[PDB]
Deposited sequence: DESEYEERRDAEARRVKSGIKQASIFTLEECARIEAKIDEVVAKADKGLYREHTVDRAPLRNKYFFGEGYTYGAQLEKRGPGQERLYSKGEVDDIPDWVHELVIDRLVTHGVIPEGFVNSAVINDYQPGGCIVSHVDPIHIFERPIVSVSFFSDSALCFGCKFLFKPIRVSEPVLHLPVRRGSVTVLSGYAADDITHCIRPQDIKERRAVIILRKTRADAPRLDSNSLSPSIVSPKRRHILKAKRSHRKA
């Protein structure tokens, strides 16, 4: 019934207005990047990174490069590891060549690695920390990015998405405007049925607040 359908669809159009998607990477180019992601996981497992580079959760690990953060604040310089050369060579440079982002934009790369059933709770990328657009490239498997969900308790549930955005393996997702600023996004446990990883590429604001030593 409407007005529900009408009002949901109206906001979904607003969200979509701030979403651009690209492919660019072939599946063979994806497998190559996936091999590098596996190398990062292995290196972290051997404890070869700086402490704040690696954050571990039940079904999800995050790997912070370039900049890390926590009212959110960046860590002091040198607390997380530098962006690996392969992220520049295989991912950032490709997106620059294709005009998705300008040269020198990206100074933060985060890899999220999800096991089946993994998720990330609804949030807005800290607007006082990160410039827009926010760019992500997805790997290993197909999934979906949802907008506007609430993660509820008593009992545990995730509410209905305002927008459900399919994200194929190799998909490039570019968030701006409404989709980046005016609504949350998340990954629902139900949309991670197999291992999936994502590289999130961002520019920190020159005036982003930073912890001191």
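Engineer: Any chance you could give me the deposited-sequence numbering of all the stretches lacking C-alphas?
Structural biologist: According to the record, the gaps fall at 1, 72-82, 226-250.
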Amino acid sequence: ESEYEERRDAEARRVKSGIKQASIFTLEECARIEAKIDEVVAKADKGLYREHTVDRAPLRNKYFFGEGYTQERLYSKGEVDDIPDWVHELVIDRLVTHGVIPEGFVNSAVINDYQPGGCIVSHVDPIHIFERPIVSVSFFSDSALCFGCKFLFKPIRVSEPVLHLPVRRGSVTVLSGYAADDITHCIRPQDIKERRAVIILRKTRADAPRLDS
From here on, numbers count along this sequence of modelled residues.
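Engineer: Going by the mean C-alpha B-factor recorded in the entry, which is higher: 144-152 or 179-187?
Structural biologist: Result of the comparison: 144-152.
Engineer: Would 135-143 or 71-79 have the larger average of its C-alpha temperature factors, as given in the entry?
Structural biologist: If you average the C-alpha B-factors of 135-143 and of 71-79, the larger mean comes out for 71-79.
Engineer: Highest CA temperature factor in the entry: which of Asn112, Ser122, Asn107, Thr97?
Structural biologist: Of the candidates given, the C-alpha B-factor peaks at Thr97.
Engineer: Whose CA atom has the top B-factor in the entry, of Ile192, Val198, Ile19, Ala10?
Structural biologist: Each of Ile192, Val198, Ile19, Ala10 was compared by C-alpha B-factor; the highest is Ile192.
Engineer: Thinking about Cα B factors across the chain, which third does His52 belong to?
Structural biologist: Answer is highest: the recorded C-alpha B-factor places it there.
Engineer: By the recorded C-alpha temperature factor, relative to the other modelled residues in its chain, which third is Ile129 in?
Structural biologist: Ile129: CA B-factor falls in the lowest third of its chain.
Engineer: Looking at the entry's B-factor column for C-alpha atoms only, identify whether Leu59 ranks in the lowest, middle or highest third of its chain.
Structural biologist: Highest third.
Engineer: What third of its chain's C-alpha B-factors does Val162 belong to: lowest, middle or highest?
Structural biologist: Within its chain, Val162 is a lowest-third residue by C-alpha B-factor, going by the deposited values.
Engineer: Divide the modelled residues of the chain into thirds by Cα B-factor and specify which third, lowest, middle or highest, holds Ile33.
Structural biologist: It falls in the middle third of the chain.
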